[PDB]
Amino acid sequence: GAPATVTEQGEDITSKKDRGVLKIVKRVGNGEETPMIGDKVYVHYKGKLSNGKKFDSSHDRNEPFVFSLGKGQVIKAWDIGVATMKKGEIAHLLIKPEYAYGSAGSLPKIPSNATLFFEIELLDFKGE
């Protein structure tokens, strides 16, 4: 499973090194530049529970998912994870609850203490 590969071979990109966010690069993006705090980022993604018992995908709006990086507009794992991504890159993230919704969850979609999995494609990013 794509999740299993991230467990075994994913890099811990957390500052605390608690394996709360693990990452594999599935397709290399271009150049060296990755986005700074405050950059506008454009992604496609899809996501599911570590189980997969729930599943959701941006693509259904053929328009990109857009947010300002590093400003708390998304769960912590995304501010951490998307920051490490290059233009055109596709990555897998496996995320412990503490970097997502925690024990609060986000019912009824996301239960308490849920692990999440995402495939993210970084389409572009532009400066504050």
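Throughout, we count residues from 1 along the sequence that is shown.
Undergrad: Comparing 103-111 with 9-17, where is the mean C-alpha B-factor higher?
TA: That would be 103-111.
Undergrad: Per the record, averaged over C-alpha atoms, which has the higher B-factor: 33-41 or 56-64?
TA: Comparing averages over the C-alpha atoms only gives 56-64.
Undergrad: Given 82, 95, 75, 49, identify the residue with the highest C-alpha B factor in the PDB entry.
TA: Highest C-alpha B-factor among the listed options: 49.
Undergrad: Split the chain's modelled residues into thirds by Cα B-factor; is residue 2 in the lowest, middle or highest one?
TA: It falls in the top third of the chain.
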